[PDB]
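Since the structure comes first, as structure tokens, the remarks are kept for the end.
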Amino acid sequence: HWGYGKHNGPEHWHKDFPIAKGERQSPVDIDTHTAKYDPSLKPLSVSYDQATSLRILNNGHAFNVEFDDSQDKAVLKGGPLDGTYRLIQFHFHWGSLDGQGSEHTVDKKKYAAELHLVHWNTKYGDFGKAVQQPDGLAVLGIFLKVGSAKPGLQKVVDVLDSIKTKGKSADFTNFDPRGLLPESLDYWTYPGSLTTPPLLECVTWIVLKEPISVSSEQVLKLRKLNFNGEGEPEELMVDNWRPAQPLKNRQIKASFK
Ligand SMILES: [Zn+2]
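Read in order, the letters of the sequence shown are residues 4 to 125, 127 to 261 in the deposited numbering.
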């Protein structure tokens with residue numbers, strides 16, 4: 004099956020998922036000089052006050068912090084979006100070294116990691133139906149650089165020992181994702197895809213310009229996770245990122261000058 008190893012990594016995905024070579028694949032490099040300010044974009048509305056986190060799961064490719072999305076409790080609206088998108092989960096992509104890990108790049112710069120807050124359009129009723137639509141998902145992408153610790157991340161990294169291996173989950177209630185946001189909500193936006201198989205072309209990407217800082221100790225804990233299941237040979241969960249894909253016939257818009 005697909006993964007991030009030498010024999011099943013991103014360069015292989017197209018054989019099972021031909022859309023890997025499609026017209027609106029993600030991630031992409033964000034060329035900051037070519038992105039155009041779009042004054043008709045609205046401010047982003049991130050309403051996470053009533054967020055209900057439930058569980059954290061190691062799925063063998065990352066870990067997902069999952070939310071109750073059966074009501075409008077944590078939603079993303081505004082910006083490039085029409086309508087209301089419900090938060091279903093967040094997860095990260097990260098490197099084996101601080102010089103790599105992010106999926107999007109900025110003028111070819113790779114960050115140490117990248118956070119994806121995944122939301123689905125409520127007009128499609130459930131996530132499974134949403135991913136079959138060109139405007140089905142909105143993913144808020146946030147870069148991580150290594151420096152000072154992020155207090156709001158610590159509760160996440162401290163539970164990781166309990167979900168070290170594929171298929172393990174743990175209760176993860178009362179987590180506030182507002183603690184993972186940078187100060188500014190300035191962003192770039194473009195139409196793209198899921199960055200893991202099935203690579204569906206259903207995402208409006210909103211990538212924040214301001215990275216968050218996390219500590220070296222925090223990133224070290226990410227790198228202790230395992231891709232493998234319990235009782236299997238240890239393969240560290242690192243470099244679970246897809247590299248930049250061709251922009252093709254797309255324009256990246258900026259919310260700011
Ligand atoms: Zn992701």
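Idealized CB from N, CA, C, for every residue including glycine.
For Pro250, the three-state secondary structure derived from DSSP is coil. DSSP, reduced to helix, strand and coil, places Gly183 within a helical segment of the structure shown. Between the region 27-42 and the region 63-73 there are fewer than three inter-stretch CB-CB distances shorter than 8 Å, so the stretches are not counted as touching. For the region 149-211, the full-length alpha helix (DSSP H) segments reaching 4 residues or more read 158-163 along the chain. In terms of CA proximity to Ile210, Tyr191 leads the group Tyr191, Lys168, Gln137. Environment of ligand 1, chain-ordered: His94, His96, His119, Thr199, taking every residue with Cβ within less than 6 Å of a heavy atom. When DSSP states are grouped into helix, strand and coil, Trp97 belongs to the strand group.
The beta carbon of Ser48 sits closer than 6 Å to the beta carbons of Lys80, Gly81 from its chain, once the five residues preceding and following it are set aside; these are given in chain order.
Your pair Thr108 and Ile33 checks out as a contact, with CB atoms roughly 7 Å apart and the cut at 8 Å.
The Cβ neighbour count for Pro138, taken over all protein chains shown within 10 Å, is under 16; the residue is labelled exposed.
Of all alpha-carbon atoms in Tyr114, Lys76, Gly132, the one lying nearest the alpha-carbon of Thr87 is that of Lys76. If you look at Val223, you'll find it in the alpha helix (DSSP H) that goes 220-226.
Around the beta-carbon of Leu84, 16 or more other beta-carbon atoms lie within 10 Å, marking it buried.
Per DSSP, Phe131 lies in no beta strand (DSSP E) segment; the continuous alpha helix (DSSP H) that holds it begins and ends at 131-134. Here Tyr51 has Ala77, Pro181, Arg182 as same chain residues with Cβ atoms under 6 Å from its own Cβ, once five neighbours each way along the sequence are excluded. For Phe66, the enclosing beta strand (DSSP E) has its first and last residue at 66-70. Each residue's CA atom was taken as its position, placing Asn253 and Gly6 some 28 Å apart. Residue environment for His4: exposed (fewer than 16 other C-beta atoms within 10 angstroms of its C-beta).
A buried status is given to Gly145, since no fewer than 16 other beta-carbon atoms sit within 10 Å of its beta-carbon.
Selection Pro195, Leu185, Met241, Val218 evaluated against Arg227 yields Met241 as nearest (Cα-Cα). When the beta-carbon positions are compared, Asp110 and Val150 stay at least 8 Å from each other. In the DSSP assignment, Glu117 falls within the unbroken beta strand (DSSP E) covering 116-124. Contact between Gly140 and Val31 is absent: CB atoms are separated by about 19 Å, not below the 8 Å threshold.
In the three-state scheme derived from DSSP, where H, G and I count as helix and E and B as strand, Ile91 is classed as strand.
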